[PDB]
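Subsequent text provides structure tokens for two forms of one protein chain, presented individually as structure 1 and structure 2.
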Structure 1
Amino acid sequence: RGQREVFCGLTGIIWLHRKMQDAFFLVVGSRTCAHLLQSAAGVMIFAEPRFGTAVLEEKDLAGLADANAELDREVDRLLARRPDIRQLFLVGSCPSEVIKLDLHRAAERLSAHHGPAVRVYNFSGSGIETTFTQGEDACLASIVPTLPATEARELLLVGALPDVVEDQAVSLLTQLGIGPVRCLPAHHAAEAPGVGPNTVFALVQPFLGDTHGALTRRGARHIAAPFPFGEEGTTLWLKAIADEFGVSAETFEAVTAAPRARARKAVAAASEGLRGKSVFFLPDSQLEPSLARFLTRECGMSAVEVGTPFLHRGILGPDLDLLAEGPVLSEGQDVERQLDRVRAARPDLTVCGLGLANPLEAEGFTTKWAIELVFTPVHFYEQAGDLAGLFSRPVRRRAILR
């Protein structure tokens, strides 16, 4: 326990609003969180984004009713600019939590204010409570307790995925032939699907644990599977889906034979630079268990340590069973001690936080930064080769430069 280098949960907004075109993320925060969003978004900021932060002033922090009134008036001015938005997302932030401004009661008031069309869900992405990719599932974990129930047994892809990867997953599941797919993150509120005890949810990203709890309360039961990182992980994911839906083994094998071979050749081409290398995982994105597994078996690499800001054993179970007994699983972060450890280990490649990436290069350690894996399509079969290339590239550049 000590200093923790990881971004507060509002950073998950930057890739969430790309999935949700009718959602505006209205952050209730100070100047610091506004600066975080502006900096991280970087080039996004100059293309009229869907996230805006209402800065709290000293006259705003005093009291709650006045703060609620000013937030409501700000929402009205924004809705004047953007009548298209119908699912606003008030986002709790560190100073907003210290104010104890009621995002729940604000959600109720604003939902009553624009009942028929514009319905508002509030979640919290404050750094005191939420960190990095925990910003994403917390957003989804706020929609789930409010989506309508359904009475049809269906599969749903829980977790934000790029449109290309989403359509590829839908195509693969339709090739399986059994089970309709209704992705949980709805790009439009009119396209909102239904979730109930009839449905069954298969996780697609490892940081989604609050959504796990929300869907558990919804009545759907999880199907545990390796997460789609590499040919083999996505293969077991589809295998577990088929076993859940009773799809025959031979049909699944026939469907996946060619794309699995393509993904295998893709990872094999990129893993050559990584063959017989070492990796260190600094806990930032929570993606690290599955990534370490994929690099260990598909890419043939050795993992010194896999670090996690928060380790959910329940969902990461199967990916941990595939993962070897070699590396040490770390929960939480102590950046100074972890930095000393990676200096001691001298790994060939280090999947580390972005604030530490350049200093580690200065010290002489090749580094990879997981936030690009957060945005870049690295899921499922076709993008598995790209996923291998992402880790291959830093080592290749290190070899070329020196």
Structure 2
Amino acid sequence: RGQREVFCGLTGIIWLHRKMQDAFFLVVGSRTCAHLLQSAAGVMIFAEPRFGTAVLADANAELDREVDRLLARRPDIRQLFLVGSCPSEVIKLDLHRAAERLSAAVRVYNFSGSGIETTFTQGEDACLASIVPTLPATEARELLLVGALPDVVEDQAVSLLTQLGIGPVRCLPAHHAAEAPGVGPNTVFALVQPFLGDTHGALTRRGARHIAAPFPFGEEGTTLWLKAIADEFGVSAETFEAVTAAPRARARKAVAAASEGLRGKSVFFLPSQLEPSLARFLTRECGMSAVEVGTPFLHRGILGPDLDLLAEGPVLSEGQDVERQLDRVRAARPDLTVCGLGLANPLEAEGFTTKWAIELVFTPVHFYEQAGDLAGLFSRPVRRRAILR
């Protein structure tokens, strides 16, 4: 270990802001954070987004002042979630302390996706987990789905889920403030989102039982996900398969018709946190001789179906350093080294075809037609390399 590569947690803010509308995602700190968000967004900063960027006792007084400034400039916030960053946790600025004290309609909730603690997409983890604690408990068998998956495909997931025969959904990412997901002891919840380890842990900590979660990335990735959903709700096999075979066929045809040029490949997964799930997604269509698949944060947990359905070829190395991982990349010579960060494009500048993670994260790739173009996403660098060599 040594130097790291991946983004800090604030890159998940660009997705959380887009997905759940009535929310606030103000980060704190220096221009290094206010500029990662800026450049990553591109035009969001011009579209006047819903987040911001603020300018031990002195630090806490400044925290209170800046939170009041949030409440002032946007007098329409009721289910805000402040975002922590590296300096705030360096001086250990408790966002819960500011939220609880300054809640006295005005309900302030905390969240800390700081890259010193957080990683590439664990900001989503920390935020979705921070939704859970204060909320009370529900007392019925619902299916509390989770994850900030695209709303266009959130409709597909809800439609399929109700076709299974489930009760209420009440998705944990609060895209409406009124829609408050309670954490019930009888609540059985799946996991759409692979980087929801902290969220799943906190949801089970409050009491909600968790369903087996092979994460939904088309074909078996979502097959076993929704199968676990069905066998947990006791949906008849002939009911589930009847109402879900067509999405399976659509995704299977789409991935095959989108990965024609992805044959004879070695997809190195430098640390998206999708790495085990995407590694399994890239085994059957055409030829994907996957190689070392690292993550910025890995737990098997009950998230284990990834590794259970994963092969042994690609090394599941948790914790890495690009300053030697790229040496391993040179030695390996992987024909598509999808590299989250650290080196990234210079890999394409030293004869290594490179794919980048946030394209996968911020482009609908979850089951049906969404996972259908996951193959197209992974073919993007390859279809570039085929011509613009």
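The term rigid core refers to the maximal set of C-alpha atoms that superpose within 1.5 Å between the two forms. Numbers follow structure 1, counted from its first residue as 1.
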query: Flagged residue of 204, 75, 242, 266 - C-alpha shift reaching 2 Å or more between structures 1 and 2, core superposed; finding: 75
query: Residue 184 C-alpha moves between structures 1 and 2 by 2 Å or more, core aligned; finding: no
query: Large Cα shift (2 Å or above) at residue 163 between structures 1 and 2, core-fitted; finding: no
query: Post core alignment: residue 328 C-alpha displaced by 2 Å or more between structures 1 and 2; finding: no
query: Per-residue C-alpha deviation between structures 1 and 2 [residue 344; rigid core superposition; Å]; finding: 1.0
query: Core-fitted comparison between structures 1 and 2 - CA shift at residue 8, Å; finding: 1.3
query: Core-aligned Cα shift of residue 298 between structures 1 and 2, given in Å; finding: 4.1
